Every structure is written in structure tokens, then in C-alpha cells.
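Chain lettering (A, B and C) follows the sequence in which the chains are written, and residue indices restart at 1 in each chain.
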Amino acid sequence: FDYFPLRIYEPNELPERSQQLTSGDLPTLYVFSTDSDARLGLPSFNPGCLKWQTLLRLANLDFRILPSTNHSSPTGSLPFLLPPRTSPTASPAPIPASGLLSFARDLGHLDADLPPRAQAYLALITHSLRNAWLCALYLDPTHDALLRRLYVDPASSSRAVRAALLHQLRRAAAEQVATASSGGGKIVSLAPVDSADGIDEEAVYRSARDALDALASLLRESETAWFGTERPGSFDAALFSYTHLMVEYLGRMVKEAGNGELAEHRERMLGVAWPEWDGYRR
Amino acid sequence: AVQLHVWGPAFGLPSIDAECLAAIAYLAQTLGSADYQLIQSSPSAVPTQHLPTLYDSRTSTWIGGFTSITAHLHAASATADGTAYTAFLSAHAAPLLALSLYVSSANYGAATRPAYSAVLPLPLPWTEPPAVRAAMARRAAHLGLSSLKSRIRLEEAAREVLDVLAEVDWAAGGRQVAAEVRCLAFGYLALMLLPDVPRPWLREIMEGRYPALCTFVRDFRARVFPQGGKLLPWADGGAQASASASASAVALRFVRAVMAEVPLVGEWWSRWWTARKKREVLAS
Amino acid sequence: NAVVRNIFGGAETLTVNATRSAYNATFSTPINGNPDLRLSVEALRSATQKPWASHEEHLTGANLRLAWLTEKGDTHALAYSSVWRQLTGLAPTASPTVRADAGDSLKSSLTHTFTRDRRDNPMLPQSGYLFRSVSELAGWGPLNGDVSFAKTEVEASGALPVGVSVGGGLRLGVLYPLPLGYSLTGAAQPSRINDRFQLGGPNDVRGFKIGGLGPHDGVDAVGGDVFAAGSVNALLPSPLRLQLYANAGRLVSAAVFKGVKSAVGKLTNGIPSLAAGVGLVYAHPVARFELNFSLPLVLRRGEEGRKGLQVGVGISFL
């Protein structure tokens, strides 16, 4: 061709909203937190994200925490990471939830092929305990105030939109519970059953009381204060992702599982993950 | 005088689904031929709409699901393992099952569709097997596999389950579990082995690698299900004539399903129906 | 489409279901007999895609509009709008400026569109001159919501024959954040990506990509508050005639004030982008096709200017 660009000048000085948020000096994990307790680094309140944050804080990674809104993400799920920015107009690619431990690097214990037995219990955590958190948070009018204070109020602040969001949450939560056979395999249409009546708050809750009885029975056999190991692994962090959020916000079942095993274990993960914090127990 | 509602006798196992087959094995081992009735039915023939359903004649309550049914009729590491595996079979094993006989088209249309059409009334197979396939496919997610050298992924997605189910010592050893979770394994490990399909990729894996399961599933059926499981106290009409208490009702089953398929008012009509139906359970 | 030419008087309804979608349940009506004061009520819903800032945008609101055509050619149109503006498409490699703005908002606003058009052919200027103002005041005081700004935009073209028809052009714009309640003081929240201006491509400044010529965050073109653009044509010669354009352009309470006085102070420091190139105009009764050939000259680093064969069509060029 030819040399037509005759003068090329400096970069163009990115806007204001993209200098306060994305300035960046440390890897910035994006979780479901609130602005007051996102600076102190306090745990999130969405267990699918508290799990990964706990793993990273166990991974000895020093990093920031910033709230976000589930659309800004390489995939559907939220807890991704964004490495520091190298030049004021160009950044390295995000890191999806799956590779947070590939970027965090004797860190082999946090990601290992679990024994064939404890891989069976992880069903209790991801399927039996996860449904009690969905059924009791979204589809329980008692927690109508709590759900509103976390997932919608910091979103739009316009009563005609909060309600449009709130209805799209419960329509999604009642779906992911109505599929796992703990609550109901009700067959009703060539369509998912997204309603608080396609399930039953009894079957889901009774399994969760049986879950926390099985899990509490596994810990008494370990005699090393963690689930058959020496240091918190990927199985301790997955249970703490649920045994905490249900205690900070079902609560009397955790503290009464077995003889206090799941309540004491949770108070010994906030001695390895958050060593300077105070103010748990609701 | 309990009264269970199950599916049909299709593939030589007095049921066509893992839940109801598991419940049938449990009842046949525990209660006795003079206690239940096994009224073959359909999901749109019960208030619970979750088909394996106990109806207690004494107090007239509907109890949906296999776990809740086992809530009636009844070291600690034993029951710990029991709960663990009972929660590991309802997921990571129902999707592996549903991957065949419910998703693979070459297998869904030669043995399962005749199975369903041979256990319902005349006009129903036009609507219900679609819903059943939709449900079993929605639960068949979380695996990344679809209707498919693109088969090593299949064998791996089968090992990730059979390896966990292998170290149970289902019949004797390793770790004895319980009398309610064993009857659940045979509920899934039968429809994953016994069917005669035209596209077999689940039989040879288990028959060729896991002998401990092949013997149990064959020995178990040899214990409580001799000669096809007809000796069970079916309804008075017989196997096929079991669904006699419900041409008048069969029309209502047809109109209810098809009306829920109109584009806009369909969804709301469905939500009004199941909401009305469920309030019959709690009142019962 | 779908129309209704009367219900009671001179009213009308409508519906268009056509970017990825739109559903405009428009319902127009004249008021007080006069066939000019066309009052409208629209309730749209659309999910348009914007690739230059790699995401989507789901407008799901409704706006009330009141048009008016005086007897001198000019046209006032005072519109009130309320939308949703959800951004839910950041699947590809999107830049960390758009990952801070996926979010959700409301944008209650109030505009005013004033276009005195004296040009003979609206698609091909020969001797006329267009003036057009679009003043917009988003959520502030009575208008609630969660965006709060004040946006204006002026465009004043020209033309002069001596058929040869030397041309011309100009555009302007300023986006000013304002506090959220019944005051001129307080917190002035900085502007998001659905409100900043865009400037580039074959419709605005010929010689750059459809979104380039602005502050770039890598590959995505985040906008800017204040801006300005020019142009100069020749329109040398049936509607098929040739053209010689040489465009230009830029794109960039005591706190929010010294921010604007600084930007527009920077708006006159250095040669603007100042592309160039020739083309062939075709004055269709509904469109203006260009099929040009461009050679950009000056650039702010990272702004993705094309280098020829920039065919583009529309109604409002520069």
C-alpha cells in the first residue's frame, strides 16, 4: 500500500468510571459482595462464589474483591478474576471460575482427585445442601426482606425494575431445585416447572437435615480436625461455602449437626482463612 | 393396605423408571404380598404428579418420591454411607441413565417408545413420552454430552460414575450400607444393564469391566423378581388391566396436557393447575 | 406492520415486529383538531447488538412523545422516555471497561428535538442549510431513576452552488453529569457506557471504523463526554454525482465542572483526526448511497481507521 497515516498522537485518556473501578494493582476477584464489606475483604454471601474466594484465600493469593452483577463474566457464573492492568488502555484476558487455581500458581492439595468415597459425599454438598439454600432463600416469604437487601436493591433502585428482577430470580431458583430429585420430579409440561408449588419445602428440608447428619458423621472419623487430611482442601471449602452462609444468615441445624462438628469446623476455617476478622454468628 | 402407583412392566423389570422400580423392590422385600396393590398409573393420574407415590388407605395421604415413601414404612458410618450414596444416585446417576433410553435418538424410538405406548391408554402416548423425554434431557445436562472419537468422553463419563458405585460391596466386605439404599442401586443398575436396545454402549462397560455389579444386578433380580416379576400383587385386573379405575378420565388427561401447550395462556394455565393440585396434598 | 386509520377522530394505532427485534405499539393522535400537534405514545422492546463495544443492549421501556410542526419548516418534539437498558452479551473478549458496566439502569429522561430544514433535497444538499438540536435531561429532580446527566447536540450543515454545490458541515455535543435530587450541588455520578457519545464510521466521520475515533480500551470503543466534528465537500456531478470530503473530529460540583472545562479545553489542542477521501453520491428518494474511497491522515493511537471502499448508506450524513 502506502504510508498514509501522517501523524499518530498519544492514547486517548479513558473515561472517569473506568479509572476508579479498573485502575488495578492486584488481581481483582469479582464476587457477589456489598460495597461496605468489599473493602475489608469480608466473605461474600453467595455460596457458589464464597467457595472460590475461600479456596483462593487458602491458596495464599493476595487480591482485591469487587462486587459485580452476573452479566459481566466470561461465562454465565460470576466469580471470575481479572489480572492487573499492564498499560492504561490494554488488559490481560479474564480468568474464568475454573482456572482460578491455575492462575494462583505445594499447592496440589486444593485440587486433587478425591478418593472414590468422598466423591460420593460431595453429592450431599452440591445437591442436597445446595437445594436447601435455594428453597429457603428465594422461595420462602420469611426471607423476602433478606433476598431484597442483597440481590436487587444494589441493582436498579426503581420499584418497577426491582420487581421485574425479583420475579426473574425466583423463576430461576425454583427451576434448579425442581430438577434435582430431592424435592420433586413432577412431570407437568414439555417445559420446566418454575414455581414454588412444583416442589415441596418438606422433602427438600428433610434431606438437608439428613445431609448435615451424614457430613457431621464423616468429620468425627478424621481425628485431624479436617475431612480426612491435614490442611483445608477442596472439600472443606465446599462445605464451608454453605455451613457459613446458613449460619451468618437452617441455622440451628448446623450448630446441632451431630454434637457441634459442623459449627466448630466452621469456626476453625475462620482461623485459617480470615485470621483477623470478628463479627460472625448472625 | 398401602397403595403404590408405578409404571409398566416394559423391559422385564416390573417398572420402566429407576425410582418406582426401587420402591417396588423395597416393598417386595419388606412388607408382603398382602399389604400393597401396585396400581399402574401415569403422572397425570395422581395429585403429587411425581409418579412413584404411596397412598396410605388408613389416613388418605399422598406421599411423592421414593425418599419420602421410605420416610413412612419405617456403627453410624453405615447410615452415613447410606445417605451419601442415596444422594449420589439421584444425581450423577440419573443423568448417566437418561443419557441412554431418554436422549440417544437411536435408542429412544425402538425400545422405550414401545415401552411407554404399551403401558398407557390409547390417546395418552401422544403427549406424555414427550414430557418424559424433556424432563430426562433437562436432567441430562451438567455433562456436556449430547446425541452423538467422541466416545472416549462417553466411556469417561461412565467411569466417573461406575467407579464410585463399584466400591460399595452391594451384596454380601467393603462397607455394608442399608436395606433401603441397596434397593435403590438395583433401581438404577437394572435399567442401565438389562434393556435390549439397538445402540448398546452401557452394557459392555459394566459387563466388561465391573463384574461385582453384573453379578449383583443378576443375583438380585433372581431373588425378588423371578419370571418377570408378575408374582407381585398387581391390581385385580392384571398387569395391563391394572389401570382400570382410571375412557372418561383418560380424556381429561388428554385435554389437560394439550391445553398447557398453547403459546401465551398455557404457562399460566399450568401454574394454576399444579398450584391447585398441590394444595390437595397438604390437606390430605 | 399494522395500522388503523381511525378510532374516533384522526387517531391511529400501529405495531411493528422487526439488530434483533422491536415491538413498537405506537398509538398516535392529533390534539385539538389541528393536524400538526401529533401526540404519540410508544412502548418498545428491543434487543439491539452493538459490536464496537462488544456487548448487547436490551431496551425494554416506553416513551411518550409530542411532536409539533410550525409553519416555517421547523419542528419541535418534546419527548419523555423511560427505558431499561440491560447489557447482557459480554461473551467475547470484552474489555474491562465494559465488564464494569454490564449492570442495569432506568434512564428516565426528557428530550427536545428541533430541526429547521431549509435544504431543497433532503438527501443531497445543493443550497439549503439544516439546523438541529437535541437537548436531553435525564433523571433529575422529578425524573427519578439512577442516571442523572444533561446532554445536548447541535448540527448545522450548509451548501452553496456556483451545478457544483460546495458543501460543508458541523456537529457538537456535551454530556454533563448532574446530581440526583432537586439541586445543582452534591454527588455527580460519572457517566456510563450507554450514555457516552460515539463518533466514527461512514455516517459521521468518513474514514474510520463504525465506532473508532474515541477513547479505546483495547478493542472496544467506549465513548466520551464532549466532542466535535466537521466536514467539507465538493459534490461535483441524474442523482449520481461524485464527492470530495475532508472530515475531522474529536471525542474525549466543583469536581464535575473542572472536568468539563478541562476536556473542552483539551478539545482544541492538536490537529484533529482529519481524514479525507472521494466518493460517488446517489440521491435515492429514501436513501443516500456513498461507495467512497478514504485515506485517513491523523490519528490518536488505537483508533482503527479504514483505508478505502467504505460503502455506506443512510439519511443523515456529515
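Simple rule for what comes next: a residue touches a chain if its C-beta (ideal position, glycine included) is under 8 Å from a C-beta of that chain, and two chains touch if they have at least 3 such contacts.
The UniProt protein names, listed by chain, are A = Thioredoxin-like fold domain-containing protein.
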Pairwise touch network: line, ring, star, complete, or other: line
Innermost chain by mean C-alpha position: A
Approximate Å spacing (C-alpha centroids) for the pair chain A, chain B: 33
Averaged-CA centre spacing for the pair chain C and chain B, given as whole angstrom: 60
For chain A paired with chain C, centre-to-centre distance based on mean C-alpha positions, whole Å: 41
Chain A contact footprint on chain C (complex, rising order): 84, 86-88, 90-91, 93, 95-106, 144-146, 190-192, 196, 214-218, 222-225, 251-252, 259, 270-271, 295-303, 305, 307
For the chain A and chain C complex, residues of the former touching the latter: 1, 4-18, 20-22, 24, 30, 68-69, 71-74, 82, 85, 89-91, 93-94, 155-158, 161, 165
Sites on chain A touched by chain B in the complex: 116-117, 119-121, 123-124, 127-128, 179-182, 184-193, 195, 197-198, 200, 202-203, 206-207, 210-211, 213-214, 217-218, 221
Residues of chain B defined as touching chain A within the complex: 19, 43-44, 48-51, 64-65, 67-68, 71, 76-77, 79-81, 83-85, 87-88, 90-92, 94, 128, 130-132, 134-135, 138-139, 163-164, 166-167, 257, 260-261, 266-267, 270-271, 273-275, 278, 281
